[PDB]
Ligand SMILES: [Mg+2]
């Protein structure tokens with residue numbers, strides 16, 4: 001039915017989806033136990049395309065658990081809504097990748113892929129007209145990417161028609177949570193540029209910036225952050241989940257978002273984002289949220305539209321309004337800062353609306369535009385990879401996995417090729 | 001005896017359809033379930049609802065129209081909506097996975113998937129019908145099946161019957177407002193496969209709906225409800241002759257090779273009026289001359305293409321209500337009078353009156369005020385080629401950059417379809433280019 005599935009690895013991402021399904025449960029108001037306690041059939045109408053009824057009305061996720069060590073499995077296993085799960089999917093590891101990506105990709109990569117792809121495949125038979133599935137990990141290591149690389153390869157072959165919308169955490173330029181990041185990252189991204197269908201960037205520092213400045217929060221954790229992102233990743237299917245006077249699916253999205261298949265790394269904007277007092281400063285209009293939409297500070301990725309140029313831009317609106325406003329602000333904005341709008345893409349802004357906003361708010365905005373400002377991102381990470389690969393720093397942890405360096409060259413001149421590729425598209429008219 | 005049937009496609013398109021059948025059912029006032037509030041007396045002289053609302057052996061009078069689109073969510077709302085007693089299950093055919101606005105998908109890829117079901121339904125209705133004149137087909141160059149799958153639809157339906165009229169209501173990419181960017185691809189790929197499968201059809205653009213509803217309906221913040229209501233009115237009157245007594249109950253087939261004199265450039269504008277408020281319904285009088293002179297306001301032009309930049313060819317000002325042949329007639333002299341307007345002189349006058357005696361009915365909850373007289377200026381000029389030219393230049397560059405082409409080439413279309421379809425708008429550019437040339441001497 002255009003239903004989809006979720007698969008998460010990732011040192012964080014395993015938590016991320018926990019929050020995610022948590023949020024969707026709220027938007028479906030079904031008890032933690034797994035039965036519905038809401039007030040409209042509309043939550044039940046399209047419930048299946050994420051959930052699954054069970055005998056007795058156990059309502060369940062179409063999620064897939066990735067992990068190389070059960071702790072997360074216990075963690076979310078210790079999770080509220082944990083009784084809303086299926087024990088089947090608790091597919092984890094006994095070792096951990098140690099985030100040498102070769103470890104999580106050959107060593108443990110080849111070790112535990114099979115049981116996953118089997119049960120996942122059983123989910124594939126459980127899906128009537130599968131629009132797709134949602135993968136989640138991080139692009140700097142192996143706790144997610146280790147195996148998730150193998151996932152994208154295997155299912156991608158196994159389902160060359162299905163959509164692969166991939167969110168994985170990008171290392172911020174400043175803070176290096178690990179120094180093996182350039183290598184895991186580069187080795188992964190070689191794969192992901194080939195095999196993944198959609199990708200959107202996952203920085204932490206942006207999420208900090210949101211929580212601290214625009215959220216005006218002092219105490220950052222993951223969980224709030226995954227609230228902030230699963231807000232958007234939860235919004236994305238809204239029309240696909242719920243009616244909309246102007247609907248567009250991921251196929252309409254990506255096909256209406258990408259000129260050439262190498263450009264499915266997208267940046268993200270969601271809003272509104274206030275602290276409590278703000279409403280008693282300000283109110284909500286479509287033009288208002290628009291005035292956030294093109295905010296670099298909501299630009300939750302390491303790329304700057306202020307520095308790069310919008311190759312593409314789009315808006316995901318959930319609520320009840322007048323599109324006569326919506327479009328009007330659209331075109332207005334597409335003029336107002338025309339210069340950061342790439343040229344030969346006429347009407348490079350594109351529209352949407354969901355008859356219902358997310359719960360709690362009256363109107364919704366989402367922006368997954370695609371400039372080319374990410375070039376500094378790949379340039380950076382490739383740069384650090386370059387330095388220590390001059391040094392071969394921690395190659396020994398690496399070659400101990402029994403990869404070659406020439407692969408590193410492959411993702412290397414590879415990833416540079418993708419960058420310059422974005423250069424010419426940005427530098428053209 | 002005089003049947004037509006409606007076909008509905010694309011998100012906005014079936015939105016239009018829903019508004020429409022809401023409308024007509026309101027206008028004959030047959031209750032949403034399928035019954036009239038009261039018994040129908042036996043009489044003769046002309047048809048009634050029987051055109052479209054379908055007689056049962058009881059108070060069950062379903063439209064003669066069909067839904068087809070590969071994006072099946074919204075249609076379910078009809079499947080749920082109040083008229084779930086109105087419509088009929090086999091009236092409903094949808095696709096699950098729509099085109100993603102791949103023209104080539106629901107035209108090619110998913111084009112293959114639901115066609116036969118469609119044609120069977122068509123055979124059930126036309127076999128159910130007798131004097132079905134023509135075909136009401138609605139779709140959109142946006143809700144992607146509205147382009148692709150409809151393209152196959154007429155592509156084959158024409159080859160099925162042929163002799164029926166093609167009544168074409170589809171939406172055209174607004175000039176600067178839009179919905180996507182592949183719209184060039186949708187449109188032109190439609191167009192070269194549209195024309196020779198089309199008889200005649202009109203181009204409704206939205207931005208006019210906005211600007212005019214906001215000024216003329218005094219609308220503050222509109223949407224597809226208002227739009228679909230407005231097109232609901234215009235189609236409501238474009239066929240009254242087959243529904244209601246009028247002095248010159250002109251007909252579609254009558255319109256065909258007379259409005260569009262040549263075979264080729266067979267589309268047109270349509271600025272309905274009088275759309276005003278309850279506070280302008282009063283504080284006004286709304287003369288025949290007001291609707292008439294007002295009918296040719298380029299700023300009233302209900303599709304964003306300046307008439308004053310074009311030269312008119314025909315104008316079928318079919319009228320609802322208390323119309324006078326004389327008064328309108330002299331107004332038409334007034335239209336000959338308009339210096340700014342210029343006509344395909346080799347067609348000096350091509351006018352064709354429509355005076356149907358029922359004035360308009362209003363939909364409760366609507367914004368239009370009530371009047372006594374309606375106009376439909378289905379008129380054809382030289383002007384409309386330009387925005388096409390924008391379409392082929394925009395599409396020209398974007399296609400030159402091969403943008404998105406992977407999407408379509410991935411689904412089974414060839415490049416010469418693209419460049420050649422650009423030759424198609426080349427030719428039609430020669431057509432609006434040539435027919436507008438004034439014949440020598
Ligand atoms: Mg559709």
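Method reported for this entry: electron microscopy, 4.6 Å.
Any Cβ shown, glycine's included, is placed from N, Cα and C.
Listed by Swiss-Prot as binding GTP are B:71, B:140, B:144, B:145, B:179, B:206, B:228; the candidate from B:11, B:31, B:285 that the record includes in that site is B:11. In Swiss-Prot, the annotation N6-acetyllysine falls on B:40, out of B:40, B:60.
In this record, GTP is bound by B:11, B:71, B:140, B:144, B:145, B:179, B:206, B:228; the longest C-alpha to C-alpha distance in that set is 21 Å.
Contact annotation for chain A: of the listed recorded positions (B:40, B:144, B:179), B:144, B:179 place their CB atoms under 8 A from a CB atom of that chain.
Separating the Cα atoms of residue B:140 (GTP binding site) and residue B:40 (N6-acetyllysine) is a whole-number distance of 37 Å. Within the set of recorded positions B:40, B:145, B:206, B:145 have a CB atom less than 6 Å from some atom of ligand 1. With respect to Cβ neighbours within 10 Å, the binding-site residues B:140, B:179, B:206, B:228 differ, and B:228 shows the lowest count. Fewest other C-beta atoms within 10 Å: among the binding-site residues B:11, B:145, that description fits B:11. Contacts of residue B:40 (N6-acetyllysine) defined by a Cβ separation under 8 A and a same-chain sequence distance of 6+ are given as B:48, in order along the sequence.
Put simply, residue B:254 (active site) is 32 Å from residue B:144 (GTP binding site) when counted between their Cα atoms.
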